[PDB]
Amino acid sequence: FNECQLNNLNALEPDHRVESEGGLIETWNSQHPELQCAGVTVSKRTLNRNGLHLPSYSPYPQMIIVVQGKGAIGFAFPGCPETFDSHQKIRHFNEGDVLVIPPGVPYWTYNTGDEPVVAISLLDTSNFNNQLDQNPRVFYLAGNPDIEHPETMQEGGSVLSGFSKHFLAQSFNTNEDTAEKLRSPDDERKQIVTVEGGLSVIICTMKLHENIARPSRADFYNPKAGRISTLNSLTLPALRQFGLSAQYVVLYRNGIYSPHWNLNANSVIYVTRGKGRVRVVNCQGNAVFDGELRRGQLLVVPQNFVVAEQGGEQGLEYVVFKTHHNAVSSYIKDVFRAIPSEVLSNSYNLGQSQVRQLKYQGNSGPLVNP
Amino acid sequence: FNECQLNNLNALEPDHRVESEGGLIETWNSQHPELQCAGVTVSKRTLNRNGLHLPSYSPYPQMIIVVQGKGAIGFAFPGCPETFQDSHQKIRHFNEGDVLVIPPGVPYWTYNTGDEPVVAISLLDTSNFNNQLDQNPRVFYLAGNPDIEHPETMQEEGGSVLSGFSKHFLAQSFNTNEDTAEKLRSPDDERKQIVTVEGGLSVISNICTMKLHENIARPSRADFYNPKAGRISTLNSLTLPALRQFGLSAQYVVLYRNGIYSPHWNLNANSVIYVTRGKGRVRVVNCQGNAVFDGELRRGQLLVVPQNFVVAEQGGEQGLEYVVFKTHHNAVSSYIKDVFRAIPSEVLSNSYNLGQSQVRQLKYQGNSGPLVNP
Amino acid sequence: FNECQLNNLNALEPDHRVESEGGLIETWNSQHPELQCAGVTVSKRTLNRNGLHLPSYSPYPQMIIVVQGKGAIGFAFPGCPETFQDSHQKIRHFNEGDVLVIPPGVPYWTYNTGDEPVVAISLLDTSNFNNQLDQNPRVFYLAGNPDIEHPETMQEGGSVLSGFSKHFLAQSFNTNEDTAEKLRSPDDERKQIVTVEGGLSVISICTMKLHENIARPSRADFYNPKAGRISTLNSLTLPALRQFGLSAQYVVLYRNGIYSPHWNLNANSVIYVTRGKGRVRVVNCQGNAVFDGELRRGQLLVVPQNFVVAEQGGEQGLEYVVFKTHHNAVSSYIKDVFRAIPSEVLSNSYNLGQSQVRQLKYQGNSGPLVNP
Ligand SMILES: [Mg+2]
Ligand SMILES: [Mg+2]
Ligand SMILES: [Mg+2]
């Protein structure tokens, strides 16, 4: 309605968390005007030593970024035979890798590393495919799930824990003892759990995998300000159907990201490692958000809103979740070399010496080092 | 303004009904929370012997399944010739078991060519991206003085689109006298939207050629078959391409004695259920785990199954045969039985607490089909 | 809340104006029930002699029709080959009668190259699924200090540069602070439309065509020597429009001529009378007339989707523009249908005989344009 008529943005932090015998789940309230406008909601899910996230799915696509830690995920796709014990061709993800969890598709993840895996997943709760509502939803196939988004309700069992065990028994062609097992009416290990001892194993082919970190195929490289890598439907076609792309901006010492904006896409920045200055301006040239942003914090970017950032004394590296398979952007210092001189003159009231300046002066990169 | 955020679902039956000369129109209110979460409404239509349904068009598509009866139907596609001595457009014939797709904005008339009354359940996809108006259902009649089918959209008068135009401007627009054009306002017709054509029509008695209808009933089914619980037929885009432009689909399911429809859910679509024949148990479980609906469901009722919600059905001693509307040209669903045999063995034993023995029992036991029997 | 169950529709009038040093900008309030059911809003822009509209951009696409004057428009498409001491992108000239389309987030600037004011009708497709903000319209100026063009959301207005600081800004571009400070336009009164004393000696995806003329009878598909003609510009003509879901159709209706009752199957429609006057009739699904009355040269009329619209020209004809929210809006007229429905049908339908039936099916000559 007016979801974006916001005259002030925040660097929001998780408003909910759930303890677990396997890991930890931190969620960002979905009702914050910031996330309300962009029509999304993020969730920081962490996997302790040998963490195993029990299967579940959502009525909306999920773009997840593994910043710290590594592991292995498994999809439960329909039809596709369990070519990989009859299990689907399981997948192993690494740090800096990007994945897009299809809607209504149950998924399970296991930590195959020493360091606790920390991942950030963008819940496109306003996506095309989602035909329910804004309020996020998670349907777990197992375990006794502990509410991750209390806003939805304002107990909690899996989907199997809703049918009388006699029914499942007949359905699965088994006894009732095993039936109750599926109902998990007793278990109290919450969402994530740890696999003791270890774990064996040591369209259908639409590579839903892609590492964004790989500093090989970026876009701009300025060894005094940093670089920025983008991921979209071009390299990762799959994204096309879920309409979501991301970028991993890295700002060196005082490195600056020229005032840029997003044409056809909202943005939500996530500070991974670092601390820096960030400014966002709307129509009336207002500084809707002019402050510091560092690790853990999240910042929304209202589509055409203009934003610029500079790495702090410690530096600044983050990831941006945009809502469009092929999100485009442009930095003001580029528009200049696009608009004719005489137009720039009559616009800012500058002689041709200053106009001939802004253009040919500087480099062809939004990454500037003061 | 919370839509699908619901803890309980109510099986619904016709709210309003139109009693016309040669037909009947029963419509379910769109203001029903269960339907609102689906963004659709339904309209049961019954064409009495020799009954004709006055032409009309809606700002959104419609998926209709003729359950009982037969007849002829023709659309008024602009830009299409009268190719198929009269001068009409290639008229199409429909029989029970056929799924009809009425495009948005396109006028259409239907006629019952049989002796028994025709019965079809039209799923009004008002929340389609084609309707640029609003949520409420709208029908524009070209003739007669009909009764408001969906009186909720009004919250009682009516008339064809022409009843608004004066015979003057009308007689002039269509270059005709003040008599013909005068009747074109139908200031007479008490017959309403559906009229009895005593005697019948001698005529019978790509956008133009695109196959819109198809049969979903006939045992030509090739989806899932269990000759102990039933069978399931599907009609998506892959079969009826025309659906893509309208983003819809529907399934036909038959559950024999003790027919059990193992737990399944729709990966990307709101499911509306209408029972054509039968009476059984229907369970719907959301995310919290609890059941938003558990009870008996008899023929003639309607039920909504919100997208990712998990549902399961079982037919009584008399079986269970019903039609299911799915808002998506390619609604994809899956059953838990296929999930277990999809996730690594040791991944299940750590979840619901099981062991290699009983775990290998759920992966290799029973019929690979979702239709099970006790 | 229901937004299209409009009881009575009226003729929208520009209820606002932004006086600019080198021009003027008008806008139809975006709160009108009629304009809301269509999910749009129009903005009448005028560029006096040597008038120049400062660069800007909206999160939604825009379709404009030049109803007066000539000039030039320039875009700043990200990542393009500046084919042309001075390097700028591809400038594009435009005469009157041309229909322009502005991609969202794309900065554009228009300069009047003639002496007579340049007037254009801008359609702000705010309801487009390309605008992930809200319904409220928004303009992002890359320069000057613009006033509020849409106050229905402000209840001053610098540029996206005034938001930054002359310091950081000076750094982000590498230049003295005297430069960057001006890049904020602190003491600028000229507004969004300025005058270029002496004109510009310059004027005298980066491919896809954006504008195309409409007025020309070449794009006409319905000509009635005694009632006027109709010109259509849609997806198949301008492929680019496919990505913005917008179609333009010009209507030339001579005196006493008529546009037989018809309707749009898949789209809303905003009508703007560029010249003439006449009578307009719009019937809703309830078989009633939501709108009925005179329509002069300078008014806006909303025509909901499936609604049936019929209008007869006036003494001095009636040339109006049509904005259809669909890259290829498909319309059809009642008569064209009577020539497609079996002979026996129309019969029992309205109660006619083989005479009156064959009357319409025959007498009704194939053509939406009728000259009574
Ligand atoms: Mg950024
Ligand atoms: Mg079902
Ligand atoms: Mg018109």
# chains A, B, ... in the order shown; residues from 1 in each chain; ligands from 1
call {"tool": "interface_residues", "arguments": {"of": "chain B", "to": "chain C", "cutoff": "7 Å", "atoms": "only C-alpha atoms", "output": "VMD selection string"}}
result
chain B and resid 54 59 76 78 82 86 to 89 104 to 106 130 to 134 138 to 140 143 to 144 158 to 164 172 to 175 180 183 to 184 186 197 201
call {"tool": "closest_atom_pairs", "arguments": {"of": "chain A", "to": "chain B", "cutoff": "7 Å", "atoms": "only C-alpha atoms", "output": "CSV"}}
result
residue,atom,partner,partner_atom,distance
A:54,CA,B:351,CA,6.6
A:59,CA,B:308,CA,5.7
A:76,CA,B:339,CA,5.8
A:78,CA,B:334,CA,6.0
A:82,CA,B:342,CA,5.8
A:85,CA,B:345,CA,5.9
A:86,CA,B:341,CA,6.0
A:87,CA,B:342,CA,4.6
A:88,CA,B:342,CA,5.4
A:103,CA,B:267,CA,6.5
A:104,CA,B:267,CA,4.0
A:105,CA,B:267,CA,6.3
A:129,CA,B:268,CA,6.4
A:131,CA,B:307,CA,6.7
A:132,CA,B:4,CA,5.4
A:133,CA,B:4,CA,6.2
A:137,CA,B:287,CA,6.7
A:138,CA,B:287,CA,5.9
A:139,CA,B:287,CA,4.4
A:142,CA,B:351,CA,5.8
A:143,CA,B:351,CA,6.2
A:156,CA,B:288,CA,4.9
A:157,CA,B:289,CA,4.6
A:158,CA,B:289,CA,4.7
A:159,CA,B:289,CA,4.5
A:160,CA,B:289,CA,7.0
A:161,CA,B:289,CA,5.7
A:162,CA,B:290,CA,4.9
A:170,CA,B:374,CA,5.5
A:171,CA,B:262,CA,5.4
A:172,CA,B:362,CA,6.2
A:173,CA,B:366,CA,6.3
A:181,CA,B:352,CA,5.0
A:182,CA,B:352,CA,4.9
A:184,CA,B:352,CA,5.5
A:195,CA,B:350,CA,6.8
A:199,CA,B:346,CA,6.9
call {"tool": "write_last_selection", "arguments": {"atoms": "N, CA and C atoms", "output": "tab-separated table (two decimals), in the first residue's frame"}}
result
chain	number	residue	atom	x	y	z
A	54	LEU	N	16.74	-30.58	10.17
A	54	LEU	CA	15.69	-31.51	9.75
A	54	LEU	C	14.86	-30.95	8.59
A	59	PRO	N	6.42	-22.07	1.16
A	59	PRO	CA	5.64	-21.67	-0.02
A	59	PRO	C	6.26	-20.48	-0.75
A	76	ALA	N	14.50	-32.88	-1.84
A	76	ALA	CA	13.52	-33.95	-1.96
A	76	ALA	C	12.62	-33.68	-3.15
A	78	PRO	N	10.39	-34.23	-6.54
A	78	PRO	CA	9.43	-35.23	-7.01
A	78	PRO	C	9.85	-35.85	-8.34
A	82	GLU	N	16.35	-41.50	-7.05
A	82	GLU	CA	17.45	-41.41	-6.09
A	82	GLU	C	18.71	-42.08	-6.64
A	85	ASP	N	20.13	-48.25	0.34
A	85	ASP	CA	20.29	-46.80	0.35
A	85	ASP	C	19.83	-46.19	-0.97
A	86	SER	N	18.65	-45.58	-0.95
A	86	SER	CA	18.10	-44.95	-2.14
A	86	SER	C	17.82	-43.47	-1.87
A	87	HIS	N	18.85	-42.64	-2.05
A	87	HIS	CA	18.72	-41.20	-1.82
A	87	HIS	C	19.08	-40.40	-3.07
A	88	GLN	N	18.46	-39.23	-3.21
A	88	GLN	CA	18.72	-38.36	-4.35
A	88	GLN	C	20.17	-37.89	-4.34
A	103	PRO	N	10.41	-23.33	-3.85
A	103	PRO	CA	9.25	-23.31	-2.96
A	103	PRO	C	8.55	-24.66	-2.90
A	104	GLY	N	7.94	-24.95	-1.76
A	104	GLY	CA	7.23	-26.21	-1.59
A	104	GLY	C	8.12	-27.43	-1.78
A	105	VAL	N	9.43	-27.23	-1.71
A	105	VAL	CA	10.38	-28.32	-1.85
A	105	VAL	C	11.13	-28.53	-0.54
A	129	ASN	N	5.62	-17.09	-6.91
A	129	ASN	CA	5.16	-18.44	-6.59
A	129	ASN	C	4.43	-18.58	-5.26
A	131	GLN	N	1.66	-18.24	-3.00
A	131	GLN	CA	0.24	-17.93	-3.15
A	131	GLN	C	-0.52	-17.87	-1.83
A	132	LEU	N	0.21	-17.86	-0.72
A	132	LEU	CA	-0.43	-17.81	0.59
A	132	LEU	C	-0.50	-16.38	1.13
A	133	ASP	N	0.60	-15.90	1.70
A	133	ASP	CA	0.63	-14.54	2.24
A	133	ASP	C	2.03	-14.10	2.61
A	137	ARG	N	6.36	-19.03	6.48
A	137	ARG	CA	5.88	-20.31	6.97
A	137	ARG	C	6.91	-21.40	6.71
A	138	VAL	N	7.02	-22.33	7.64
A	138	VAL	CA	7.96	-23.44	7.50
A	138	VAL	C	7.29	-24.74	7.91
A	139	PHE	N	7.20	-25.68	6.97
A	139	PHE	CA	6.59	-26.97	7.24
A	139	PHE	C	7.68	-28.02	7.39
A	142	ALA	N	9.90	-33.50	10.10
A	142	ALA	CA	10.23	-34.20	11.34
A	142	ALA	C	10.51	-33.27	12.51
A	143	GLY	N	10.71	-33.87	13.68
A	143	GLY	CA	11.00	-33.11	14.89
A	143	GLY	C	9.88	-32.21	15.36
A	156	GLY	N	4.23	-26.52	18.72
A	156	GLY	CA	4.65	-26.46	17.33
A	156	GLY	C	5.27	-27.76	16.84
A	157	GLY	N	4.47	-28.59	16.19
A	157	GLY	CA	4.96	-29.86	15.69
A	157	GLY	C	5.11	-29.91	14.18
A	158	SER	N	5.68	-31.00	13.68
A	158	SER	CA	5.89	-31.19	12.25
A	158	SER	C	4.55	-31.43	11.55
A	159	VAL	N	4.60	-31.77	10.27
A	159	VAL	CA	3.38	-32.03	9.51
A	159	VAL	C	2.83	-33.43	9.79
A	160	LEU	N	3.72	-34.38	10.03
A	160	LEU	CA	3.31	-35.75	10.32
A	160	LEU	C	2.62	-35.82	11.68
A	161	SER	N	3.02	-34.93	12.58
A	161	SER	CA	2.45	-34.89	13.92
A	161	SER	C	1.05	-34.28	13.91
A	162	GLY	N	0.32	-34.50	12.83
A	162	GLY	CA	-1.03	-33.97	12.73
A	162	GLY	C	-2.03	-35.04	12.36
A	170	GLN	N	-1.25	-47.18	8.24
A	170	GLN	CA	-1.90	-47.75	7.06
A	170	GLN	C	-1.24	-47.19	5.81
A	171	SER	N	-1.01	-45.88	5.82
A	171	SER	CA	-0.39	-45.18	4.70
A	171	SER	C	1.00	-45.72	4.36
A	172	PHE	N	1.90	-45.70	5.34
A	172	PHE	CA	3.26	-46.17	5.14
A	172	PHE	C	3.40	-47.69	5.20
A	173	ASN	N	2.27	-48.37	5.39
A	173	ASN	CA	2.27	-49.83	5.47
A	173	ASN	C	3.20	-50.31	6.58
A	181	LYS	N	6.73	-42.55	15.85
A	181	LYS	CA	8.07	-42.05	15.60
A	181	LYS	C	7.96	-40.88	14.63
A	182	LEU	N	7.26	-41.09	13.52
A	182	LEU	CA	7.07	-40.05	12.52
A	182	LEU	C	6.36	-38.83	13.11
A	184	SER	N	6.78	-37.86	16.13
A	184	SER	CA	7.74	-37.25	17.05
A	184	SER	C	7.06	-36.44	18.15
A	195	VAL	N	24.24	-35.32	14.32
A	195	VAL	CA	24.33	-36.72	13.94
A	195	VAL	C	25.53	-37.37	14.64
A	199	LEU	N	28.24	-39.75	9.70
A	199	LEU	CA	27.20	-39.89	8.69
A	199	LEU	C	27.78	-40.51	7.43
call {"tool": "select_by_dssp", "arguments": {"residues": "range 232-363 of chain C", "states": "helix (DSSP H, G or I)", "output": "ChimeraX atom specification"}}
result
/C:239-243,334-338,343-350,354-363
call {"tool": "residues_near_ligand", "arguments": {"ligand": "ligand 1", "cutoff": "7 Å", "atoms": "only C-alpha atoms and all ligand atoms", "output": "list in words"}}
result
residues 269, 307, 308, 309 and 320 of chain A
call {"tool": "interface_residues", "arguments": {"of": "chain A", "to": "chain C", "cutoff": "8 Å", "atoms": "only C-alpha atoms", "output": "mmCIF file with N, CA and C atoms, in the first residue's frame"}}
result
data_model
loop_
_atom_site.group_PDB
_atom_site.id
_atom_site.type_symbol
_atom_site.label_atom_id
_atom_site.label_comp_id
_atom_site.auth_asym_id
_atom_site.auth_seq_id
_atom_site.Cartn_x
_atom_site.Cartn_y
_atom_site.Cartn_z
ATOM 1 N N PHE A 1 0.878 -1.209 0.000
ATOM 2 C CA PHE A 1 0.000 0.000 0.000
ATOM 3 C C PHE A 1 0.896 1.234 0.000
ATOM 4 N N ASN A 2 1.527 1.475 1.144
ATOM 5 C CA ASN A 2 2.438 2.597 1.327
ATOM 6 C C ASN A 2 3.702 1.990 1.915
ATOM 7 N N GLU A 3 3.750 0.662 1.881
ATOM 8 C CA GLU A 3 4.859 -0.128 2.407
ATOM 9 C C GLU A 3 6.256 0.475 2.266
ATOM 10 N N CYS A 4 6.450 1.361 1.291
ATOM 11 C CA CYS A 4 7.764 1.965 1.087
ATOM 12 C C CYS A 4 7.833 3.473 1.304
ATOM 13 N N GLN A 5 6.743 4.068 1.773
ATOM 14 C CA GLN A 5 6.719 5.507 2.012
ATOM 15 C C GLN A 5 7.509 5.820 3.283
ATOM 16 N N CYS A 37 8.518 -3.135 3.146
ATOM 17 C CA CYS A 37 8.644 -2.465 1.861
ATOM 18 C C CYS A 37 9.242 -3.391 0.807
ATOM 19 N N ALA A 38 10.411 -3.949 1.100
ATOM 20 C CA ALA A 38 11.084 -4.849 0.169
ATOM 21 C C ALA A 38 10.332 -6.170 0.014
ATOM 22 N N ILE A 256 35.400 3.260 -1.507
ATOM 23 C CA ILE A 256 34.067 3.814 -1.707
ATOM 24 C C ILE A 256 33.294 3.197 -2.869
ATOM 25 N N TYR A 257 31.990 3.033 -2.661
ATOM 26 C CA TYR A 257 31.097 2.486 -3.674
ATOM 27 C C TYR A 257 30.290 3.675 -4.189
ATOM 28 N N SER A 258 30.729 4.239 -5.310
ATOM 29 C CA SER A 258 30.067 5.388 -5.921
ATOM 30 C C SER A 258 28.553 5.344 -5.761
ATOM 31 N N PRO A 259 27.926 6.508 -5.521
ATOM 32 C CA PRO A 259 26.474 6.565 -5.359
ATOM 33 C C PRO A 259 25.799 5.807 -6.493
ATOM 34 N N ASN A 262 19.354 0.845 -7.625
ATOM 35 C CA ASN A 262 18.816 -0.336 -8.284
ATOM 36 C C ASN A 262 17.532 0.014 -9.026
ATOM 37 N N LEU A 263 17.574 -0.130 -10.346
ATOM 38 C CA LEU A 263 16.434 0.184 -11.195
ATOM 39 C C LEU A 263 15.233 -0.722 -10.952
ATOM 40 N N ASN A 264 15.350 -1.978 -11.368
ATOM 41 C CA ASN A 264 14.257 -2.931 -11.226
ATOM 42 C C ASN A 264 14.472 -3.976 -10.142
ATOM 43 N N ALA A 265 14.685 -3.536 -8.905
ATOM 44 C CA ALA A 265 14.901 -4.484 -7.817
ATOM 45 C C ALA A 265 15.147 -3.844 -6.461
ATOM 46 N N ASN A 266 14.560 -4.431 -5.422
ATOM 47 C CA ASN A 266 14.764 -3.949 -4.063
ATOM 48 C C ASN A 266 16.028 -4.633 -3.575
ATOM 49 N N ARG A 279 25.126 5.505 3.395
ATOM 50 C CA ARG A 279 24.118 6.547 3.228
ATOM 51 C C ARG A 279 23.090 6.169 2.163
ATOM 52 N N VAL A 281 19.538 7.730 0.189
ATOM 53 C CA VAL A 281 18.704 8.905 -0.042
ATOM 54 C C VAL A 281 17.483 8.619 -0.914
ATOM 55 N N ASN A 282 16.346 9.198 -0.539
ATOM 56 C CA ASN A 282 15.110 9.010 -1.291
ATOM 57 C C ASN A 282 14.917 10.130 -2.308
ATOM 58 N N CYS A 283 13.661 10.492 -2.548
ATOM 59 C CA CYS A 283 13.326 11.546 -3.499
ATOM 60 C C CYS A 283 13.816 12.909 -3.047
ATOM 61 N N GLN A 284 13.234 13.393 -1.957
ATOM 62 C CA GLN A 284 13.563 14.698 -1.403
ATOM 63 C C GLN A 284 14.994 14.808 -0.888
ATOM 64 N N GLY A 285 15.917 14.107 -1.535
ATOM 65 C CA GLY A 285 17.308 14.163 -1.120
ATOM 66 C C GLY A 285 17.508 14.004 0.376
ATOM 67 N N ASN A 286 16.636 13.225 1.011
ATOM 68 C CA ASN A 286 16.723 12.981 2.446
ATOM 69 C C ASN A 286 17.687 11.837 2.732
ATOM 70 N N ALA A 287 18.390 11.929 3.855
ATOM 71 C CA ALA A 287 19.332 10.889 4.247
ATOM 72 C C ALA A 287 18.585 9.862 5.092
ATOM 73 N N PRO A 302 15.391 0.583 -0.740
ATOM 74 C CA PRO A 302 14.167 0.813 -1.519
ATOM 75 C C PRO A 302 14.380 1.129 -3.004
ATOM 76 N N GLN A 303 14.420 0.076 -3.815
ATOM 77 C CA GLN A 303 14.609 0.181 -5.259
ATOM 78 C C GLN A 303 15.426 1.385 -5.737
ATOM 79 N N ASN A 304 14.759 2.341 -6.374
ATOM 80 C CA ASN A 304 15.438 3.521 -6.902
ATOM 81 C C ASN A 304 16.167 4.400 -5.887
ATOM 82 N N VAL A 306 18.931 5.980 -3.778
ATOM 83 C CA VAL A 306 20.359 6.068 -4.070
ATOM 84 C C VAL A 306 21.167 5.760 -2.812
ATOM 85 N N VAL A 328 19.608 -4.754 -12.446
ATOM 86 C CA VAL A 328 20.584 -3.839 -13.025
ATOM 87 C C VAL A 328 20.758 -2.620 -12.129
ATOM 88 N N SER A 329 21.901 -1.962 -12.266
ATOM 89 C CA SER A 329 22.199 -0.778 -11.475
ATOM 90 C C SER A 329 23.130 0.138 -12.251
ATOM 91 N N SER A 330 23.348 1.335 -11.724
ATOM 92 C CA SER A 330 24.232 2.285 -12.376
ATOM 93 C C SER A 330 24.694 3.328 -11.379
ATOM 94 N N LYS A 333 28.421 8.503 -11.218
ATOM 95 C CA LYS A 333 29.638 8.921 -11.907
ATOM 96 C C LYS A 333 29.702 8.334 -13.312
ATOM 97 N N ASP A 334 28.721 7.507 -13.652
ATOM 98 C CA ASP A 334 28.665 6.897 -14.972
ATOM 99 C C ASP A 334 27.621 7.629 -15.803
ATOM 100 N N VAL A 335 26.572 8.099 -15.137
ATOM 101 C CA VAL A 335 25.510 8.831 -15.807
ATOM 102 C C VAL A 335 26.107 10.067 -16.466
ATOM 103 N N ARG A 337 29.028 10.575 -17.901
ATOM 104 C CA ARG A 337 29.595 10.281 -19.213
ATOM 105 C C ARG A 337 28.522 9.817 -20.195
ATOM 106 N N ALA A 338 27.266 9.877 -19.766
ATOM 107 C CA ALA A 338 26.152 9.464 -20.605
ATOM 108 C C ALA A 338 25.364 10.678 -21.066
ATOM 109 N N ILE A 339 25.229 11.658 -20.180
ATOM 110 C CA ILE A 339 24.500 12.873 -20.503
ATOM 111 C C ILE A 339 25.430 13.871 -21.180
ATOM 112 N N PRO A 340 24.941 14.563 -22.220
ATOM 113 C CA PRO A 340 25.751 15.550 -22.942
ATOM 114 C C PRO A 340 26.247 16.665 -22.021
ATOM 115 N N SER A 341 27.418 17.212 -22.338
ATOM 116 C CA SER A 341 28.015 18.281 -21.542
ATOM 117 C C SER A 341 27.080 19.461 -21.330
ATOM 118 N N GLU A 342 26.670 20.093 -22.423
ATOM 119 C CA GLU A 342 25.784 21.248 -22.345
ATOM 120 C C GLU A 342 24.566 21.026 -21.464
ATOM 121 N N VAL A 343 24.174 19.771 -21.275
ATOM 122 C CA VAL A 343 23.022 19.478 -20.435
ATOM 123 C C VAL A 343 23.451 19.473 -18.978
ATOM 124 N N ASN A 346 23.852 23.317 -17.849
ATOM 125 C CA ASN A 346 22.585 23.947 -17.517
ATOM 126 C C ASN A 346 21.871 23.259 -16.369
ATOM 127 N N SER A 347 22.393 22.114 -15.943
ATOM 128 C CA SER A 347 21.790 21.364 -14.844
ATOM 129 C C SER A 347 22.371 21.768 -13.496
ATOM 130 N N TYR A 348 23.690 21.719 -13.381
ATOM 131 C CA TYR A 348 24.337 22.062 -12.127
ATOM 132 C C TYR A 348 24.927 23.471 -12.087
ATOM 133 N N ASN A 349 24.797 24.204 -13.187
ATOM 134 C CA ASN A 349 25.342 25.555 -13.268
ATOM 135 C C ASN A 349 26.857 25.485 -13.144
ATOM 136 N N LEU A 350 27.467 24.703 -14.026
ATOM 137 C CA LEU A 350 28.911 24.522 -14.046
ATOM 138 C C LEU A 350 29.469 24.870 -15.417
ATOM 139 N N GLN A 354 34.497 22.417 -15.577
ATOM 140 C CA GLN A 354 34.095 21.548 -14.481
ATOM 141 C C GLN A 354 33.351 20.346 -15.034
ATOM 142 N N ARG A 356 33.787 19.061 -18.133
ATOM 143 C CA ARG A 356 34.788 18.237 -18.791
ATOM 144 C C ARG A 356 35.588 17.520 -17.707
ATOM 145 N N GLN A 357 35.393 17.959 -16.469
ATOM 146 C CA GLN A 357 36.068 17.378 -15.317
ATOM 147 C C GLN A 357 35.395 16.066 -14.932
ATOM 148 N N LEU A 358 34.276 16.177 -14.221
ATOM 149 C CA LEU A 358 33.509 15.027 -13.752
ATOM 150 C C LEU A 358 33.520 13.822 -14.687
ATOM 151 N N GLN A 361 37.545 12.644 -15.901
ATOM 152 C CA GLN A 361 38.373 12.566 -14.705
ATOM 153 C C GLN A 361 37.893 11.412 -13.831
ATOM 154 N N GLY A 362 38.836 10.580 -13.398
ATOM 155 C CA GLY A 362 38.500 9.428 -12.578
ATOM 156 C C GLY A 362 38.538 8.175 -13.433
ATOM 157 N N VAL A 368 35.820 3.644 -5.854
ATOM 158 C CA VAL A 368 36.784 4.730 -5.772
ATOM 159 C C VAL A 368 37.523 4.737 -4.441
ATOM 160 N N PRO A 370 39.573 7.225 -2.016
ATOM 161 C CA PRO A 370 39.926 8.606 -1.680
ATOM 162 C C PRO A 370 41.374 8.757 -1.216
#
call {"tool": "residues_around", "arguments": {"residues": "residue 94 in chain A", "least_positions_apart": "2", "cutoff": "9 Å", "atoms": "only C-alpha atoms", "output": "PyMOL selection string"}}
result
chain A and resi 66-72+92+96-98+211
call {"tool": "residues_around", "arguments": {"residues": "range 214-221 of chain C", "least_positions_apart": "4", "cutoff": "12 Å", "atoms": "only C-alpha atoms", "output": "ChimeraX atom specification"}}
result
/C:64-68,95-100,228-234,236-238,247-252,274,319-322,367-369
call {"tool": "closest_residue", "arguments": {"among": "A:102, A:313, A:301, A:153", "to": "residue 203 in chain A", "atoms": "only C-alpha atoms"}}
result
A:102
call {"tool": "atom_distance", "arguments": {"atom1": "CA of residue 141 in chain B", "atom2": "CA of residue 193 in chain B"}}
result
7.6 Å
call {"tool": "select_by_dssp", "arguments": {"residues": "range 122-347 of chain C", "states": "strand (DSSP E or B)", "output": "count of residues only"}}
result
82
call {"tool": "residues_around", "arguments": {"residues": "range 113-127 of chain B", "least_positions_apart": "2", "cutoff": "8 Å", "atoms": "only C-alpha atoms", "output": "ChimeraX atom specification"}}
result
/B:39-50,59-72,111,129,131,134-137,204-205,325,327
call {"tool": "residues_around", "arguments": {"residues": "residue 106 in chain A", "least_positions_apart": "3", "cutoff": "7 Å", "atoms": "only C-alpha atoms", "output": "JSON, numbers by chain"}}
result
{"A": [55, 56, 57, 75, 76]}
call {"tool": "residues_around", "arguments": {"residues": "range 9-19 of chain A", "least_positions_apart": "5", "cutoff": "6 Å", "atoms": "only C-alpha atoms", "output": "MDAnalysis selection string"}}
result
chainID A and resid 24:29 288:289 297:299
call {"tool": "atom_distance", "arguments": {"atom1": "CA of residue 53 in chain A", "atom2": "CA of residue 22 in chain A"}}
result
7.5 Å
call {"tool": "atom_distance", "arguments": {"atom1": "CA of residue 61 in chain C", "atom2": "CA of residue 102 in chain C"}}
result
5.3 Å
call {"tool": "closest_residue", "arguments": {"among": "C:17, C:166, C:255, C:262", "to": "ligand 3", "atoms": "only C-alpha atoms and all ligand atoms"}}
result
C:262
